[PDB]
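Observations on the three-dimensional arrangement
Below are the chains, spelled out letter by letter.
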Amino acid sequence: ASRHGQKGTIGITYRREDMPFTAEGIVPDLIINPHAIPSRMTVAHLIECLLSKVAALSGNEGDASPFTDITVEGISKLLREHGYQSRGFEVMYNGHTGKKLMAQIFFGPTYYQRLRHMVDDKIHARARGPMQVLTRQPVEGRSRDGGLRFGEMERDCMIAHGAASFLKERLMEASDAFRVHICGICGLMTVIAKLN
Amino acid sequence: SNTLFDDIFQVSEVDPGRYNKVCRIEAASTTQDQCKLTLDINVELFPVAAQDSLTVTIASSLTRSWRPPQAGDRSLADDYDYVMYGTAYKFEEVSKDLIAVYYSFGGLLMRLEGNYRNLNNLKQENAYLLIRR
Amino acid sequence: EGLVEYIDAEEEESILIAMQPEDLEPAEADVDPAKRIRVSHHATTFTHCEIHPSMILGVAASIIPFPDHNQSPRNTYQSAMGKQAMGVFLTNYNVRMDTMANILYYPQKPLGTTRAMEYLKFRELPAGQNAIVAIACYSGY
Amino acid sequence: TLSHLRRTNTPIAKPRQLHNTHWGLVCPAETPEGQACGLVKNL
Amino acid sequence: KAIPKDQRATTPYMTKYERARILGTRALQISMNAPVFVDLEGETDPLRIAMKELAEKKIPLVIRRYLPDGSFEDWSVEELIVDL
Amino acid sequence: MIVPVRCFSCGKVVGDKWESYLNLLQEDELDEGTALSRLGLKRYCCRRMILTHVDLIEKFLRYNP
Amino acid sequence: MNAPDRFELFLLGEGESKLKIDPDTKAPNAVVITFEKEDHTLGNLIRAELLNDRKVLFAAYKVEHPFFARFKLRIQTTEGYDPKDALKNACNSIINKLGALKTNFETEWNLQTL
Amino acid sequence: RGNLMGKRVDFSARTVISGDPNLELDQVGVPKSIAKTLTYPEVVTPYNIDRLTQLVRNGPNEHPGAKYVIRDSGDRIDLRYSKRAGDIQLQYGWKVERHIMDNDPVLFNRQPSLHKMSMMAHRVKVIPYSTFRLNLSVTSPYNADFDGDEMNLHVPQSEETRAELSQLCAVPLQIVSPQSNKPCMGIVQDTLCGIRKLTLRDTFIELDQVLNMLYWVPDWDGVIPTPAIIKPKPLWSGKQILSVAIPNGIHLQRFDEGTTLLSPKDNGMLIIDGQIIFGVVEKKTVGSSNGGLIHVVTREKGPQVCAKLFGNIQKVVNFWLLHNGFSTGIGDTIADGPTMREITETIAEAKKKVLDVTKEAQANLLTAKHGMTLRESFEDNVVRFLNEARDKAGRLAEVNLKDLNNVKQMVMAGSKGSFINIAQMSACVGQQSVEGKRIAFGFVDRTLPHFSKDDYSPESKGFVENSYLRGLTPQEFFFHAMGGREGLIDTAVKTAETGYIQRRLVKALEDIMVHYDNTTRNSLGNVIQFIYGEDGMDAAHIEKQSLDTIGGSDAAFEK
Amino acid sequence: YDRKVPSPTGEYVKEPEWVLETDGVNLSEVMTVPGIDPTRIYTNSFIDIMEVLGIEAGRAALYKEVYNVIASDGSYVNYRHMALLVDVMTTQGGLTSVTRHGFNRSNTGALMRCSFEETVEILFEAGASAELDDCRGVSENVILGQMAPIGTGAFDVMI
Amino acid sequence: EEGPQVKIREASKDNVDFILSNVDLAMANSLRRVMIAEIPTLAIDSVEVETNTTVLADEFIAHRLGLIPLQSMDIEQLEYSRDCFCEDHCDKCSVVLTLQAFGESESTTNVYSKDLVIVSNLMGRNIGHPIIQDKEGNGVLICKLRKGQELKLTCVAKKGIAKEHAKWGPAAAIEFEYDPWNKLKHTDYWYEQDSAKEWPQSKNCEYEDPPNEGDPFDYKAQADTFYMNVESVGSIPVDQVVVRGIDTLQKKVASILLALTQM
Amino acid sequence: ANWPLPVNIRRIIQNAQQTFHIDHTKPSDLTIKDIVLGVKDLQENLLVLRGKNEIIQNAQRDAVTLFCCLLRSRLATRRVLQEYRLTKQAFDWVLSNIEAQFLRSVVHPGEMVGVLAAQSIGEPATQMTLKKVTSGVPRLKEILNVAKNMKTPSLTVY
DNA sequence: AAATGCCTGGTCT
RNA sequence: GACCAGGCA
Ligand SMILES: [Mg+2]
Ligand SMILES: [Zn+2]
Ligand SMILES: [Zn+2]
Ligand SMILES: [Zn+2]
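Residues numbered from 1 in each chain as written, not as in the entry; some residues may be left out. Chains lettered and ligands numbered in written order. Part of a larger assembly, values for the part shown. Heavy atoms only, no water.

Per the deposited record, determination of this structure is attributed to X-ray crystallography, with the resolution reported as 3.30 Å.

And the structure:
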């Protein structure tokens, strides 16, 4: 995630070549979709880039302190003196093709955090393992190789899909499943089973 | 193997409404005051301007996958400069002793107004637009 | 030497506080169009002046660059995530035996700092890297 | 760690609202989402 | 409480749910090495087969439509129209 | 934790320029900016690599055993 | 843990041949050649050359999924012209130009001082 | 609640999800490992033994393999341990718990599941790496996004069970949802933002690409369509090729504000014989709207054909965009120099109005409207005054934005953004508010200790004049923060309270269904509706039509 | 207020009209007031509309209401849906809440009520007065792990 | 000569700014990529750790070793271990270096790549030599030790390519521009007023003629002439990256030709 | 005049407009009897119920009234002839078409509307989060609970 | 009498 | 069992 409340998981990695590139030959370490910006109004993010760019260039620590007189202009003014378009855009060429990209792109350095919680630490996936002794129902947690909760809410959906059979198969054949003997007179599980 | 409409037009206005490679042209017809024209033209490939003498042609000839060169030494309804292909959609009664039509060249549009075209103008997809000088 | 005082919310009720000292105690005798707009120092009453507004913040939010160019709630989110970030939580992580520890291989101090990170020792034990990012529609992935 | 050591909890009319008087004392932003939002504060 | 083949008011058309259960149940029989009343143009998946046993009205199954009182109406997959 | 061998971004070996960089700062009394350029680090992908590094190892070495 | 070995990007595994040639079914004199453990570098280069031949009516290519390193080149040529030939030629014309560039560069590189 | 109606079931799997543009709408990407765990009891049959035996030989740790072999007696031959695991001659009648393979039907859901759409059947597609991979246009029904959401997968165990998923709960079958009686899956983000550009009249494509785009569409009839242009250069338009995605027989008329079978603004929409004639393609056309190219294509060509429509449109548009590129930066939030001037003063007068009201009010000259305190009326005015101010400075900003401005550029597609976003990012942010009122006097008669007692001026009570661009001032900050909080809080509330309602409704109606006499009764049999929805018509098979006999002058009804 | 109205010439026009909105309710006495059009007087207090105009009207408002909640949010929902609700809320001749005080008392088998807020109790007052559950509720067949009268389990299949 | 033709401007041990003209953009690129990703090289691809009393982790150190650039000119006569008929490795498919460092002084001993010590028999081929461009001659700073810290390693450098791993890239960074003035109109610049006053002007413009005001749009022109520059890590002399690049690409092509044949 | 009804007639028409290539230049072969009597007859084969008795035969009429209105206003003599030059063939097709579609738009016994509805209201409800009345969640809550202490009562008189 | 769903993890009796 | 911390919403 950036430092502006914008988290995201990786969706694929591209090797240097397949990546879009700068005429200078610089290529991005990360690419985020423009669409995660208009609505979140997280402008500072954009700014920070403008700043961090200029900074890295001129080897100056970029001062993004809150209430200061630091302007997006004063910065854009500095970045131009550095031979770059005053906003962060930079013509870029499509890695596959080498051709130019019809749309210049916001390119610069931005401080990004590596959050904990990594797929591999979550990928649980069970196919009938150990069950609770008390309910004869699958156990909780993945550290124990348990089952996923097909709670109330999921059921309603199945009911809504009119998929009667599936439901039975979910709430029975998988998890609780037990055979009991009953008295054909007092429907109680009071019938001594002597199978032999 | 035909031709369906010929006519020189005088361009009165050229409008580039927030497009840099397209302008919507409106040129009147020399000869029959009844005929007027509204067209979308790629001003990047075929400039135009204030009062030009444009020659227009329609037809439906010179639908199988498109091919390109070779015939560069074959057929050639290239007696013009600018040319388009399209599909016509609606024929309308401008009412009175006049009638109009609408063609779409992959989005580039054209409306033609007159009357004797009831015959000379097709009624189907086919429809090339040829312009010269 | 009485140049400062400790005020609690109760006494705060009875005082007038100027934000910036400068910008709030010169006499009004052209303005940069890119700077935000501030009202005026209307008060012949000031008894105190803020050490520095950026101080109204605390640890977490302190590490946000320009959180004053950011939509309110997004600042709160970031503050909750800065605590899930990786980095060197202590130079002696190697000598401490504790349930899970996550350390960054090559921590980088941010190109974008806050005059309040100097005290939060951020630059010394950074949590995050300075990646070259591109906001662009690429493979659609 | 710094943030944990500078934390505040409030058990149990409107208490999770950021409040005027809080200015200067508690961080206006830092606070957990949902559950104990506004109840857990940070100096 | 039964209802003669006449005075039948239920939908002539087969409900999706009915066909999905019919499809399932035949697909299941087919998966259990049961005779196939159709000629496979080269099909192997039980369901895919069973689908084709229906497309050629050759599925010996009948649906019993219980009304809300207790009565019902027996319709045969041969009768029922499969538009959907 | 030690100067990254090579730049994440472009791959320009960089780990063989830390000490050089430091000297350029302390003795040559230069500003981080030029010091960089003199070391041949002209693009920002390769400038943040050194400029931002926080040589933590120097603090891990003070731990006796 | 679900990551595939890097070498699967350029090393054919078992039952994988560099090329597969199936006859397209939609058009005539059309062929879809699938390439294995090859990406854009080749695909696009050959697509571009294949479009210099005036007896070539069509030629496109696609890496259907980044995960995997393989692609498809489609070719349609003038009656009597076998695309496989249209392919052969292209690869050659390509190699030739390449050799050329190799030389001319090596030439210039030698007139250089430093 | 947690053991009888809600149990922990076997054959379930869960991980992080991420979008995959080269996966079909109705599929789902299952990471190899998970597939190697989840299994499916298939009985041995002459129509399969070869494949089955072959898999049993592949064993439990190579994908197309299996685990366990079940026999007549009911014994379980564990394929990973078993002197005889490299032996085993399959016998008709036996069961081979096999790995989950490609094309299996599986129930995929995201929680909370407050829909049918929250649980849908997808065709399996085993792939590398470890995240469920899903088509983007399957995003909204599950209400997912890829910032970290995890999703649950369940595998049918019975031949029937499968059928029940593939015939009733399949993603295709769910495109047109009965709740909103419109479709519930559109085209988003890149594909949407792009499709628009790709459509602009100004947008033309040439040979090399065209040929790729065409090929890119899998169902291509390989027949290169004739260029819109054949003159100096044979160029195709965007519409031209996109139309390849649209199948034949699809028709669609639109007409937005200024449309006119010549739509000078490339407005409305006109699609005939699956060929786009006029109009830029954006949300209204391809969104998940009522009239939509999707609502029409589902109803006309079939769920599946329409299922495909998605990938196609995507594959083409995505590719096109992959090569056109698109982005955004601060620059996109900067307004014309003279504009900020006109804006800053636009506010300058709003403040004077508030001030002029204020003095009026303090003179007791004000006339209190009926039912309101002269005090109430006062407040309401200022609030109105300030809102308008914001909205006009905002509008003022929206006009600068050149068609090339990426933000505006997304707003036009309808791919993210709205007036408000622009207005706040570019011009004045706005009047903060807590409990429907402008910031209160937490302190005695004042907002903060930086103001004098009794001060109802805008700055004092929460009016953030600046923009997110220019930056807020401490006070502004703090204020905007207060509102910020009010938001986050009722956010946490509006969730639980609703979650509860969602249930009471579900329990209350739970057992109500349309019986075989077209009636609608609950378990008891007690009739609730003599005809469902009063027309015994299914919600999905409905659409907003115009009753041409109600309106128009009496003369026109006659003419 | 704005009200479209058929004009003598046929077209619907906009004939604005004065309307009084109130901050307090007492329907029973206001209709009777002269000058007002008692045909249209309305209130968002369906209960009151119930007690005064009958239940069939109450159902109406009950919907008119719910609807407004959902549409004020720009959102739409097909009639039938809300219809069903309101009706289910309106068949027992009175206004039955979606709360436990309403539909769990309903006349239903014990088990359904079991799955909602007053299990324990519901099962006792159910045991005490020997209740016989038909076992035709979906919620109960779920408890017994059997198919239910759902799409797949409404019709029976036979040879 | 024939088509494709170059025009070196700059040149040194590391860079080679040059003009590549009369070629297809498709090629300019294919070339560019290949340079970046398929030219072979020698690099440590296996570290056997004997002792590590250091402050750094084993694999952390191992990672860096892999990244350390090694000589690779004669890599064309060193095999891929996966093709050598040896069990594991040998002197026909690898190069083994030893690293031994002991914290001797109480003044922090640094460990450079210049300390790797080729143990295997190079067999008289220029291969696997800690590349050093330092001024002081201490290629890369691998690690630092304290009072009495030990580090005893044994690495096995193998032939590889940027594709299996980036450590195997010889290229570093490649500049690449074409049509400095947007005559080709392959882009539509983003502006606030004058896209010409806001967007910089590339050095490459100087090497080309302007657009001539009223001239129409050149709708038939394609991309000729490209202004590149190859930076070089150094395991390979810059000239080579360009050649070997051209070579490799050329071989890749040939193998498809050879393919049809065996088909 | 815009109300959700099964069978988008407008479409069927357009889907005849070009399936039979209908030229707006020559006259149709439609008999005024054809159209008028045809449209009428169509209205007999829509059905939603099939009991042969009075009561049910009257329900069936009710449940179709509206749609039919749509149907009649659309398939009117002028219209058919002047608005969209159909032909005995096209027209005749359009009819057979509507029927089928209609029959396809009927609900299927089994459809679990109870839940289907509950959710259709609960969902768009969990999308609500914010001219002085009680709306949103609170109000919806007010309603469902059948509260008597509503905060924003009001009476609207005309 | 009731007060979202689900999911992972960590400490102490 | 007690309990708090976190992810999505
Ligand atoms: Mg989320
Ligand atoms: Zn008994
Ligand atoms: Zn670099
Ligand atoms: Zn060897």
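Digging into the coordination of the magnesium ion (ligand 1)
Residues and elements named next belong to chain H. Protein-derived ligands of the magnesium ion (ligand 1) are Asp 145 (OD), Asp 147 (OD) and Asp 149 (OD), with the metal-ligand distances lying across 2.7 to 2.8 Å. Between consecutive donors of the magnesium ion (ligand 1), the numbers of intervening residues give the motif D-x1-D-x1-D. Taking relative accessible area as the criterion, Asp 149 reaches 15% and is therefore assigned buried. (Donors = N, O, S within 2.8 Å, 3.2 Å for Na, K, Ca; no water. Buried < 20%, exposed > 50% of the residue type's maximum accessible area, 1.4 Å probe, protein only.)

Structural notes on the protein's contact with RNA strand M
Looking at RNA strand M, the residues that line it are A:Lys7, A:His117, C:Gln84, D:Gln35, H:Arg110, H:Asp147, H:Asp149 and H:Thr495. The sugar-phosphate portion of RNA strand M accounts for 90% of its atoms within 4 Å of the protein, the bases making up the rest. D:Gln35 places a polar side-chain atom, nitrogen or oxygen, 3.2 Å from a phosphate oxygen of RNA strand M. A breakdown of the residues in the surface near RNA strand M according to their chemical character gives no nonpolar, four polar and four charged. (Near = heavy atom within 4 Å. Polar contact = N/O pair within 3.5 Å; in protein donor to acceptor, adjacent residues only side chain to side chain. Nonpolar A, V, L, I, M, F, W, Y, C, P; charged D, E, K, R; others polar.)

Considering the arrangement of the chains
Highest in contacts among the 28 pairs of chains that touch are chains A and H. There is no contact between chain F and chain H; across them, the least C-alpha separation is 19 Å. Taking C-alpha atoms as the reference, chain I and chain J come no closer than 36 Å and do not contact one another. (Contact = heavy atoms within 4.5 Å.)

Side note on the packing of helix 4 (residues 164-171) of chain A against helix 4 (residues 159-168) of chain H
Relative placement of two packed helices is described by the angle separating their axes and the distance separating the axes. Put simply, helix 4 of chain A and helix 4 of chain H touch, their axes get as near as 8 Å, and they point 125° apart. The orientation of helix 4 of chain A relative to helix 4 of chain H falls into the category oblique. Where helix 4 of chain A crosses over helix 4 of chain H, the handedness of that crossing is left-handed. Taken together, the residues of helix 4 of chain H that come into contact with helix 4 of chain A (itself represented by A:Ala164, A:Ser165, A:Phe166 and A:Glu169) are H:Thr161, H:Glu164 and H:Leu165. Here the contact of helix 4 of chain A with helix 4 of chain H is composed, by residue class, of three nonpolar, two polar and two charged. (Axes fitted to C-alpha atoms, helices over the stretch in contact; angles between N-to-C directions. Helix = DSSP H or I, 4+ residues; strand = E, 2+ residues; numbered from the N terminus. Parallel < 35°, antiparallel > 145°, perpendicular 65-115°, else oblique. Left-handed = near helix turned anticlockwise from the far one by under 90°.)

Re the coordination of the zinc ion (ligand 2)
Metal coordination angles have textbook ideals: 109.5 degrees for a tetrahedral set of four donors and 90 or 180 degrees for an octahedral set of six. Residues and elements named next belong to chain A. Distances from the zinc ion (ligand 2) to its protein donors, namely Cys 183 (SG) and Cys 186 (SG), fall within the range 2.0 to 2.7 Å. Residue class for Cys 183 comes out partly exposed when judged on its relative accessible area of 27%. Assessed through its relative accessible area of 39%, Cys 186 is described here as partly exposed.

As for the sheet that holds strand 14 (residues 252-253) of chain H
Read from one edge of the open sheet, three strands run 14-15-16 (chain H), paired in antiparallel fashion. Pairing within the sheet leaves two strands with one partner each, and these edge strands are strand 14 and strand 16 (275-278) of chain H. (Pairing = 2+ DSSP bridges.)

As for a negative patch on the surface
All names here are of chain C. A contiguous patch of negative charge, built from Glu 5, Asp 8, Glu 10 and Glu 11, is present on the exposed surface. Take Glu 5: it is sitting in the segment before helix 1 (9-12). In this structure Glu 5 comes out as exposed when scored by relative accessible area, which is 53%. (Patch = residues over 30% accessible without salt bridge, like charges linked within 9 Å, V, L, I, M, F, W, Y side chains within 5 Å. Areas by Shrake-Rupley, 256 points an atom, 1.4 Å probe, with all protein chains shown as cover. Salt bridge = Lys/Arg side-chain N within 4 Å of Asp/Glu carboxyl O. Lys, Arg positive; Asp, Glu negative; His and termini not counted. Charge placed at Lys NZ, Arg CZ, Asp CG, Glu CD.)

Quick notes on the packing of aromatic side chains
Scanning the entire structure with this criterion turns up 48 aromatic pairs over all chains. Ring plane angle 50° and centroid distance 4.5 Å describe the contact between B:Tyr85 and B:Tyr128, whose orientation is recorded as tilted. Taken together, the residues span a long stretch of sequence, with B:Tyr85 in strand 5 (residues 82-85) and B:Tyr128 in strand 9 (residues 128-132) at a distance of 43 residues. B:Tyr128 matches B:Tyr85 in its accessibility class, with the two residues each being buried. Taking 5.8 Å as the distance between ring centres and 35° as the angle between the ring planes, the aromatic pair formed by E:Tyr66 and E:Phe72 counts as tilted. Classification of E:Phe72 as buried rests on a relative accessible area of 14%. Here a set of aromatic residues connected by ring pairs shows up, and it is made of A:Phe21, A:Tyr93, J:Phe176, J:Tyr178 and J:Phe226. The ring of C:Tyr77 is capped by A:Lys7, whose NZ or CZ atom sits 4.7 Å from the centre of that ring. (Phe/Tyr/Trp six-rings, centres within 6.5 Å; stacked < 30°, edge-to-face > 60°. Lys NZ or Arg CZ within 6 Å of the ring centre and 35° of its normal.)

Let's talk about the pattern of salt bridges
What the rule picks out here adds up to 106 salt bridges over all chains. The salt bridge partner of F:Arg48 is A:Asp29, with a shortest N-O separation of 3.1 Å. With F:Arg48 in helix 3 (residues 44-51) and A:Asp29 in the loop between strand 1 (21-22) and strand 2 (30-32), this pair bridges two chains. Judged by its relative accessible area of 33%, A:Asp29 falls in the partly exposed class. Between H:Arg133 and H:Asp20 there is a salt bridge; the shortest N-O distance is 3.8 Å. Pair noted here: H:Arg133 is in strand 10 (residues 132-134) and H:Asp20 is in the loop between strand 2 (12-19) and strand 3 (27-31), with a separation of 113 residues, a long-range link. With a relative accessible area of 3%, H:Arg133 lands in the buried category. Look at H:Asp20 and you get buried, because its relative accessible area is 1%. What emerges from the salt-bridge pattern is a single network uniting A:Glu152, A:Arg155, A:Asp156, H:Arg503, H:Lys507 and H:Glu510.

Comments concerning the sheet that holds strand 3 (residues 20-21) of chain I
Remark on secondary structure: sheet strands pair via backbone hydrogen bonds, oriented parallel or antiparallel. Taken together, three strands build an open sheet; the order of strands is 3(I)-2(K)-4(I) and the sheet is antiparallel. Pairing within the sheet leaves two strands with one partner each, and these edge strands are strand 3 and strand 4 (42-43) of chain I. Examined bridge by bridge, strand 3 of chain I and strand 2 (residues 155-157) of chain K share two bridges and lie antiparallel to one another. Considered in strand 2 of chain K, the bridge of I:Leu20 is made with K:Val157.

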